[PDB]
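Enquirer: Sequence, then the experimental structure. Questions to follow.
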Amino acid sequence: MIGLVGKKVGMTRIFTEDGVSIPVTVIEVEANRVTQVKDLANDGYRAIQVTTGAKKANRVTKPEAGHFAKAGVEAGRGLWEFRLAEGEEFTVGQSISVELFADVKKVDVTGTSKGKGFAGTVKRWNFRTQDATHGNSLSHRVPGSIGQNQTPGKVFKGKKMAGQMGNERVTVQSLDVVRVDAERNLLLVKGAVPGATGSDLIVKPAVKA
Amino acid sequence: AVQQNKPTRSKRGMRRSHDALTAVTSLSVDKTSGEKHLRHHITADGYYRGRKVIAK
Amino acid sequence: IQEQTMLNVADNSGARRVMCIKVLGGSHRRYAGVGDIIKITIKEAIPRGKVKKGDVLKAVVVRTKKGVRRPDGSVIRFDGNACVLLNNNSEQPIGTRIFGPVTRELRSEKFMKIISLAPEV
Amino acid sequence: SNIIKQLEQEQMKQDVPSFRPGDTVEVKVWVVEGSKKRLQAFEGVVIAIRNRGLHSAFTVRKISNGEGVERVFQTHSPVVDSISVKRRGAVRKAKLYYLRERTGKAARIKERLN
Amino acid sequence: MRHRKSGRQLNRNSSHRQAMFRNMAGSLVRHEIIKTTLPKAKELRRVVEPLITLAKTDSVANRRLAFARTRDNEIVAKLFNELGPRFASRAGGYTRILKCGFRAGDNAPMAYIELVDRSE
RNA sequence: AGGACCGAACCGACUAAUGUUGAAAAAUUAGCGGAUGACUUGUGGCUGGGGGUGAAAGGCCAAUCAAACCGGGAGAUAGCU
RNA sequence: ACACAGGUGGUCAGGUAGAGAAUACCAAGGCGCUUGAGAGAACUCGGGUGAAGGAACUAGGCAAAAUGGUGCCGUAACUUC
RNA sequence: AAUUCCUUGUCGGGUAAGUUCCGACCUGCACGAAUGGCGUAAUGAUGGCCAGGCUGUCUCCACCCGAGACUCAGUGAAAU
RNA sequence: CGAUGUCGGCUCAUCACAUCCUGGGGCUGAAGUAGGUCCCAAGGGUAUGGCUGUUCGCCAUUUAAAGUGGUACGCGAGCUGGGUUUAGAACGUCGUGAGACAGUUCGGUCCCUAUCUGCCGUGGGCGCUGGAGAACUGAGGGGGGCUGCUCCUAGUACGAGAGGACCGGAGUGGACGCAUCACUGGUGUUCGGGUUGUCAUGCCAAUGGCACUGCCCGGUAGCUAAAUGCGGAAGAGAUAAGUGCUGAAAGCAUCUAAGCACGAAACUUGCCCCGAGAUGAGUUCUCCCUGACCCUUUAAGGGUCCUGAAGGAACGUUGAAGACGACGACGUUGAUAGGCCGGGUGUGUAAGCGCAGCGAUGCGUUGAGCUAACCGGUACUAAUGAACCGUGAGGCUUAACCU
């Protein structure tokens, strides 16, 4: 049910007997110990939160150290809701990692894609260009129309041409595994995971490819 | 196009609620000459820690 | 690759530029190559042959420009653009002698007739 | 980095021969029949680019029927088998990417090392 | 945006990018000071510290590579004396930078940029 | 030799682009033609409005031209806004 | 109309390369053009390079692109020769 | 036909597709002999049609280099 | 009529259902086969060229299908100016002529920096009645839905054959869409290399400038497609057309009147993203602050002295984060940048010197020299001043528990 917090790093080949040139990311899971278990008695929750990796520990705040006077400590890099149903997971620092699972072949992933600013036209919904010089002048990436006249009277809320790209959650699904490990808790996937590199990312089972 | 109603200052002042200038957070003071500059900038003579370097 | 383009005869049934006039199996393809069947228009041909110019046939490209590829760092790219002519009624190779090396989309065995007339890897 | 170069060599075949490109080479690659495997010739000429820590190129022009068919190789993929250097020469400029269209009584390759 | 590139178009045309530091490090052999725009005292920064590193030995082929970075016969003479060798006492940081206020006419950042070793 | 070619000066204006609250009340930029001739250029002189002048477009005659401008007739007249 | 991207007639013509008042590089000589500095997004303008295809574009190849020199070879329809 | 209404006339050619084009045919509304007829080498910043060449014109868009836009400081319009 | 720019194209679509494809059914003169025909059904999808200004049409070749209509015959303060009505010109025609022609043909200026409404992103206030630091609930909103073919079932059912399914299962494409630079490429004027003319560093050598980036070749990172991975789901629930049970009124019969059952790409979920300004300002978690005085009309304060925490703010080095705000890390408790060192990576056999060669040039020294954006490590340099802000144990009512 629960995921693990990995980290992106960057792409590489992933070789077979055949030696295929397929992308992959060598995900590094440090230990994901249990910070808390959320219960049906403390609202209608049934999730857990956890802590993965270290932080500086001289750059935290006292309210972000005082639930580690109610917990263990590992200097986590964030506190993340991982739903489950019933209890097979428990409040004690379990420090679990990818060895756990090993049959998993559909997993959600939530990197944030590559940030590169916000983009514009032909880079939202990827419009076909106007003509250059053999029929049109002064429009190339300059968007065309945006409505009719008095019906509808207005420009609808639908359509976008210049919204924001990335820097928000996105989820892939599928993604077979080839290796689960415990040496360095390395996880070799199908490939193409969103991010910008070194971008922390779940690796939680999913019900859909 | 252009103004079809002339604005009231309940349109002018509104855009200039968010007019802003400098904010000091106090001026910094050296611990070595008392000079009242802003930190990470020249005092008046390149006075930093226990020096007067490139003295002016 | 691409509709229009000016293709070679691999086979001995015509000669020179034979133009693609339809990418089959759908539309809006920037793709027109490989072992796929595609409607052709002969407008060059060998003049001692049996047909001439302005005819339509079909072909399978047998030496594609972007070639073929299987991920393992091996990309087999032919620099020819040569194709092999086929009946419109029945397909089946019209060549008997086939020059140059063939594609691995017809060594996938869509046409089991065309690898047995053609030399080379 | 810290996650490869100690987890990367595992897939590299480093035990191959080395050349400056411009050679008469005879690559022996595994062709698999679905029943059995065998070693198919690719007499050619390398234009090669240098290794990237895991990725190389060893594009050969066959000149199969006067017109070559071209196949890049890498020597990391376990089905590449073995490559002979045989004769070895080179063009004065190290990268061949357009000196392979030179042709018309070209094949001259030479060695120096200096 | 600009992510994992150190390329820079400055406020210079291409050719003036590669032909401005002969009047800016040509000033760093005269009086080892310069007062110039401060983030261009960071783009100067990266030019000046490899020069000092090349200035370790005169050779023949370092004296002629100072004809491939500048060509002022007068200043290469100054080179390879204490310019280079004196700065072998540390590894990098052969200039301190040091930060200042603004320029009098309009605004533009002021810098103090000067070589670490002279008499300091 | 030639109402000859190519092509600078020079002279002209066929295309496009940029301009289009312009740098510009028709330009600028890249092209284009002419370039010893029915060529071109300076200087001064000389043709006046129901007229001149025009290789003719009703074209031009001080950003203007289907009969210029200034003053007078004049406060033209306006069943019209 | 401007310390205005415009207009202005006459005289002088170095050096190197080059047929040359072309053109490139330099002189003598004279200039850097009366807002400046940063970030370096969309989009625009002005340039430069593009895998594969090659007029499918479009009313139209609009434009760009290639072509380009000297000597020599060699040149068809047709002709007022 | 810069003329033909009926009319994408009809046939032939070129195109796979040729309401355009080119050659015939004559169904000449409403051509025709100095307000000249019919031809013509040569010529054209000429109209129409085609071919080779070349290519970002297009397929199907990418990357790069400058000048803006954008941020800061000084000065500071406009129509309406 | 004190100016509501015509048509077509382009660009961008959006909406309706009288549905073209895909989905479900009924009747059939529906064996199957491909259909005929009608009912239901808007989830999603729904062609490229030749010719023509034609939208339209015709033709050609595809397609699962190339749906129809509306939206100022949608869209020119978004593009074009081809059709089309200016002045030029010409033809045929009419007219006495000037001239004319809802006949014809060639040439012939598309402006506007957006105040306002509206949209697309992104911030800033102020608040949820002690001050802060976090994690979610999910009120609601938005995104997403395509399909051929092959193989299997099965050459089975069906059919005398020819031919040829159903239901289901699996595989592989096409178009579309999401992610990613590892592969494969593209570019790559911070890089490497070659090179013509000329000018230069006094000159030789060797270097440098200019000549579109001088020209040209190669190429790392990054960005990127033509590259590469992934995606449209299963499954529930409730239904449509329609199919039903059980069954009276109306001893029969009757899916309906009572009562019960199913049933479609539609519908509600499931999937994916925003999401407590959700002023309905929720909950959950954590942390910090528990001094005097005076002057009062006094559950509202006013004023004075002492304090001010957690945390925040700013400041600085900066970031795979960025228009700007914003968001992120680090700041000597140090790898946050740069430098530095090593490595890699990319170019490809330096210069100088020797030798040979008349030279051109070659060869050796030396596959050398150089080398970004990359990788490993390293405090050399830059991260200096604390300042500042933020307060001091929580208004009332009522209830419950403690007394």
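Expert: Everything's here; your move. Residues are numbered from 1 along each chain as shown, chains lettered A, B, ... in the order given.
Enquirer: Which residue comes closest to residue C:14 once chain neighbours are left out?
Expert: residue C:45 (4.1 Å; CB to CB, 6 or more residues apart in numbering or on different chains). (Each C-beta comes from the backbone N, C-alpha and C, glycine too.)
Enquirer: So that neighbour versus residue A:183, what's the distance?
Expert: 66 Å (CB to CB, to the nearest Å).
Enquirer: try residue D:105
Expert: Following CB to CB, the distance that separates residue D:105 from residue A:183 is 58 Å.
Enquirer: same thing with residue A:92?
Expert: Taking CB to CB, one finds residue A:92 at 24 Å from residue A:183.
Enquirer: And residue C:61, by the same measure?
Expert: 48 Å.
Enquirer: Among those two, which residue is more densely surrounded?
Expert: Taking neighbours as other CB atoms under 10 Å in any protein chain shown, residue C:61 and residue A:183 compare with residue C:61 leading, 29 against 8.
Enquirer: Can you name the residues bridging to the more buried one?
Expert: With DSSP bridges as the criterion, residue C:61 is bridged to residue C:83.
Enquirer: Break down chain B into its helices, ranges please.
Expert: B:9-15 (DSSP state H).
Enquirer: Tell me which residue lies nearest the centroid of it.
Expert: The centroid of chain B falls nearest to residue B:22 when counting by CA atoms, centre = their mean (3.6 Å).
Enquirer: Stretch A:34-49 spans what distance, first to last residue?
Expert: One end of stretch A:34-49 sits 7 Å from the other (CA to CA, to the nearest Å).
Enquirer: which residues sit against that stretch?
Expert: Applying CB atoms under 8 Å, 6 or more residues apart in numbering or on different chains, the contact partners of stretch A:34-49 are A:2, A:50-51, A:67, A:71-72, A:76, A:79-87, A:89-94.
Enquirer: On the three-state scheme, residue E:47 is what?
Expert: Three-state call for residue E:47 (DSSP: H, G, I helix; E, B strand; the rest coil): helix.
Enquirer: give me the residue from chain D nearest RNA strand G.
Expert: RNA strand G sits closest to residue D:101 of chain D, with a gap of 10.5 Å, by CB to the nearest atom of the strand.
Enquirer: where's that residue, which helix or strand?
Expert: Per DSSP states H and E: residue D:101 is located in neither a helix nor a strand.
Enquirer: try residue A:138
Expert: Applying DSSP H and E, one finds residue A:138 in no helix or strand.
Enquirer: For the residue in chain C positioned nearest to RNA strand F, list each beta-bridge partner.
Expert: Using CB to the nearest atom of the strand, the single residue of chain C nearest to RNA strand F is residue C:4, 27.3 Å away. Taking DSSP bridges as the rule, residue C:4 bridges to residue C:20.
Enquirer: coming back round to it: the residue nearest to residue C:14: neighbour count?
Expert: 20.
Enquirer: Where does whichever residue of chain A sits closest to RNA strand G sit: helix, strand or coil?
Expert: Ranked by CB to the nearest atom of the strand, the top residue of chain A for proximity to RNA strand G is residue A:120, at 1.9 Å. Classification of residue A:120 using three-state DSSP returns coil.
Enquirer: What distance do you get for it to residue A:159?
Expert: With CB to CB as the criterion, residue A:120 and residue A:159 are 14 Å apart.
Enquirer: One more: residue E:16?
Expert: Distance from residue E:16 to residue A:159, by CB to CB: 44 Å.
Enquirer: now do residue D:64
Expert: 53 Å.
Enquirer: which one of the two has more residues nearby?
Expert: Relative neighbour count places residue D:64 above the other of residue D:64 and residue A:159, with 21 against 11, counting by other CB under 10 Å.
Enquirer: How is the more buried one classified with respect to secondary structure?
Expert: coil.
Enquirer: how about the residues of chain B near chain A?
Expert: Nowhere does chain B come near chain A, counting by CB under 8 Å from any CB of the partner chain.
Enquirer: residue in chain B nearest to chain C?
Expert: Of all residues in chain B, the one sitting closest to chain C is residue B:1 (41.5 Å; CB to the nearest CB).
Enquirer: list the contacts for whichever residue of chain A sits closest to chain D?
Expert: When scored by CB to the nearest CB, chain A has residue A:19 as its residue closest to chain D, at 2.8 Å. Residue A:19 sits next to C:72, C:73, D:11, D:76, D:77, D:78, D:79, D:80 when contact means CB under 8 Å, 6+ apart.
Enquirer: top of those by neighbour count?
Expert: residue D:77 (24 neighbours).
Enquirer: just to revisit the earlier point, and the contacts of stretch A:34-49, which of them are in strands?
Expert: A:50, A:51, A:82, A:83 (DSSP state E).
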